[PDB]
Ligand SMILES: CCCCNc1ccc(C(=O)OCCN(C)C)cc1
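There is one chain below, alone, in C-alpha cells, taken in the form solved without the ligand.
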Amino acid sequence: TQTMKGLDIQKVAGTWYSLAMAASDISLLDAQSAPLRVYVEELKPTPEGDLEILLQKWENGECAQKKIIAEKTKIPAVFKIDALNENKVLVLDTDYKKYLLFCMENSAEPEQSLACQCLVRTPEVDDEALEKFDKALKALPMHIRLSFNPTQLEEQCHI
C-alpha cells in the first residue's frame, strides 16, 4: 500500500469526522457492533511524534469512547498500534485542512484485516475527498464500502 510522502503529523490535530469507510472483509464492517466499525472524533499528535486516536465504538448495545495510541516508525506515514486486532495505521493522504485518508491492518494477515477511512474536518459530505478515497481504494481488495450523511456524522456512533 502506498502511504503519504512528507507527512507532517502535527498538522492533523483536532476534530475529524468519519465520512466513509471500507474493508476487505464484509464482516469487519457490516453491523454496528462489527469489530472495525469505528468513528474517529479526534486526532491528537504528541510532541514526540506519536498519534493519539480518539474514536467511538458501538459495544454492548451502546456507544463507547476508545483511545488508541499509534507509535511512530521510521516511515512518517506508518504507525504501530495494539487495538482492534490491528497492528498498523497507515496515512495515505491528507491536505490537513479538509480530508485525511488512512488505513488499518494486521501485518500477520494483511489481506483479511484491511479497513480504510475517509475523514473530513467538517460534518459535511465532501465529494472531492470521496473521489480521492475511492481512487486510493481502487488498487485495494475492498468488498464493503460505507458512507454517512451529515446528520449521522454529528450523532454518537453515527446513529
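In this text, residue numbers run from 1 along the sequence as written. Shifts are known only where both forms have a C-alpha. Between two forms, the rigid core is defined as the largest C-alpha subset superposing within 1.5 Å.
Per the compared records, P110 is unresolved in at least a third of the other entries whose models span it. For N85, the fraction of other compared entries lacking coordinates, among those that model flanking residues, reaches at least a third.
Here the stretch with the larger average CA B-factor, out of 35 to 43 and 110 to 118, is 110 to 118.
Between 15 to 23 and 137 to 145, it is 137 to 145 that carries the larger average Cα temperature factor according to the deposited entry. Among all modelled residues in this chain, the alpha-carbon of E124 has a temperature factor (C-alpha) in the lowest third. Sorting the modelled residues of the chain by their CA temperature factor places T73 in the lowest third. In the deposited entry, the Cα temperature factor of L29 sits in the middle third of values across the chain's modelled residues. Annotation for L90: CA B-factor lies in the middle third of the chain's modelled residues. Compared with the other modelled residues of the chain, the Cα B-factor recorded for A64 ranks in the highest third.
Although not depicted, the form solved in complex with the ligand is the subject of the following passage.
Looking at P123, you'd find every heavy atom of it more than 4.5 angstroms from the ligand in the entry with it bound. Heavy atoms closer than or equal to 4.5 Å to the ligand in the entry with it bound belong, across 28 to 44, to the residues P35, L36, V38, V40, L43, ordered by sequence position. Superposition on the rigid core between this form and the one not shown places the CA atom of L84 2 Å or more away from its counterpart. 82 to 86 is the sole run of three or more consecutive shared residues whose C-alphas all shift by 2 Å or more between this form and the one not shown after the rigid core is superposed.
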